[PDB]
Every structure is written in structure tokens, then in C-alpha cells.
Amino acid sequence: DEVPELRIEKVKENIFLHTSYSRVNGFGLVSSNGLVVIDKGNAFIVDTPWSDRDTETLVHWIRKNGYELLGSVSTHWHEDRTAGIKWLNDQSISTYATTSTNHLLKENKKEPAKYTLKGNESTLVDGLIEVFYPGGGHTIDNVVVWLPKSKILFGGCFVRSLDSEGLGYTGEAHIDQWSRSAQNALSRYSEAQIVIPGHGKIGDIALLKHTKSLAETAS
């Protein structure tokens, strides 16, 4: 039960991908994706690392590199997205999640984000980061994050990588809605050039298409 260390790798100008891991009953060591988005000296975090140590590591690197850290958002409630919220709260770094995500954190006796994003859409950092509820999928609360300056959509675990043979854990999934929700995102972000899933390799808008088809067959 050793697990690698976090890493952080430039995706393109001002966008870094953070990868970290956890060991999971009946599945093993599992990688997990998140971002650091930069705009003119400012950093915002999309999803936390899957542990405090990795969260700490990630923050230190943001500070070391001189960025002002405006906060983090989580894209659904499960630990792989939110584990670091508590540590972040205690170090007075602002945490965000939607209403529906915060409800499920509390309702599952987890530390809630400090601030709450209301409605289906919200913006963060002067329009640099948009948050959108495409509808039910992986979970009832899942949101995507769109980065218009970069033409990047961070799908979170709402989007499956191309080599996924299925939808992953569907205990809390809305399988029959997922296909429509995926289509909602496809219509809305036809401009998207890079799409980043919650687990696995990044690609283009093809990931949203594959995810859509997976939802169709899972029905």
C-alpha cells in the first residue's frame, strides 16, 4: 500500500494537469485527474488530489511558483474530487462546490466546501472558469468546467476516457439520463478542443461521444 507521488504536467499554456492515486477495494491503485488553471499571476484548482499529502504538495508548488491561489472547486462529491477540501479549509484557501455537491458532502458526513455555487451555471475568476450542470450522469450532482480562453472542457468523472470499456462505478448513476446529459455538453461545447476525463488519458471531443455511446448501451 505504497502509492506514488502527485505529479503536475503542463497541458498547454497556463493549464497544468495534476495526477494522483488511491488504493480502492476490489479495483486496486487508481489514478485521478485534476487541473491548475492560471490567469495573470492567479491560480485556481479544479478538483483536489485524492490525499492531504498530495494536496499539500500541490499547494506548495502553486505557492513556490509565485501564483496567487484564488481557490478550488470540486466537480462532484466523491473522495477523488473532494478529499482535500478539509486541509484546504484549515489553511484558509477558498473551497467551492455546488449546492447539490455540498448537500451530498454533509449528507455523507464529509467536510463541505466553504462557498456554494447556485443554479445550473456559475462563473469563477472574472469569467476564466465556467461551471455547468449538464444533467445527471455518473452522479446526480456532477458538473463540468469550461475554460473558454483555452477551449478546454474538464469533464471530471462525467466523461470516460477512450479506453474505458464501461461507465465505471454506477451505484449512484443516472444511466438513462447520462446519454442526454452527454449530448447537452456536446451541443454546448462544440468549440472544445481538449476534453479531460476524471480518470485516464486526455483527448478531444471524441471522449464526450464515446461516453454518450457507453450510456446508450448501458441502458
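The numbering used is simple: start at 1 and walk along the sequence shown.
Visitor: Higher average CA B factor in the deposited record is what I'm after, so tell me if that's 152-160 or 165-173.
Guide: Result: 165-173.
Visitor: With respect to the recorded C-alpha B factors, which stretch has the higher mean value, 72-80 or 101-109?
Guide: Per the PDB record, 101-109.
Visitor: Out of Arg23, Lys201, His210, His18, which shows the largest CA B-factor listed in the entry?
Guide: That would be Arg23, according to the entry.
Visitor: When you compare the CA B-factors of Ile45, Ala182, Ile38, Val30 as listed in the entry, which one comes out on top?
Guide: Highest CA B-factor of the listed options: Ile38.
Visitor: Is the Cα B-factor recorded for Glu130 in the lowest, middle or highest third of its chain?
Guide: Within its chain, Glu130 is a middle-third residue by C-alpha B-factor, going by the deposited values.
Visitor: If you rank every modelled residue in this chain by C-alpha B factor, which third holds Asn89: lowest, middle or highest?
Guide: Ranked within chain, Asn89 CA B lands in the middle tercile.
Visitor: Rank-wise, by C-alpha B-factor, drop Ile140 into the lowest, middle or highest third of its chain.
Guide: It belongs to the middle third of the chain when residues are ordered by C-alpha B-factor.
Visitor: C-alpha B factor of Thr116, ranked within the chain: lowest, middle or highest third?
Guide: For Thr116, whose C-alpha B-factor we compare with every modelled residue in the chain, the answer is the middle third.
Visitor: Would you check the entry's CA temperature factor for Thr95 and let me know if it's in the chain's lowest, middle or highest third?
Guide: It belongs to the lowest third of the chain when residues are ordered by C-alpha B-factor.
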